[PDB]
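One structure is given below, encoded as structure tokens.
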Amino acid sequence: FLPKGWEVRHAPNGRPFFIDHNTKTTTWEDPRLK
Amino acid sequence: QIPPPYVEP
């Protein structure tokens, strides 16, 4: 359900940080919510 | 607030 190279991983703090595995970019916000 | 990158492709 994600864009190519996008991750939804939950850090040990219990938060899902969405990684862009293409351009090495990271964001807490979700492209799916848009 | 910085989110950790990816290690695994």
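Letters A, B, ... go to the chains of the structure tokens in the order shown; residues in each chain start at 1; ligands are counted from 1 in the same order.
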
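The environment of residue 3 (chain B) within 12 Å, counting only C-alpha atoms and disregarding residues fewer than 6 places along the same chain, consists of residues 7, 8, 9, 10, 11, 13, 15, 16, 17, 18, 19, 20, 24, 25, 26, 27, 28 and 29 of chain A.
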
| request: Name all residues at most 9 Å from residue 9 (chain B) (count only C-alpha atoms; drop same-chain ones fewer than 5 positions away) and give them as a VMD selection string. | output: chain A and resid 5 21 to 22

Exercise for the section: Measure the distance from CA of residue 4 (chain B) to CA of residue 2 (chain A) in Å and round it to one decimal. Expected result: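 These two atoms are separated by 18.3 Å.
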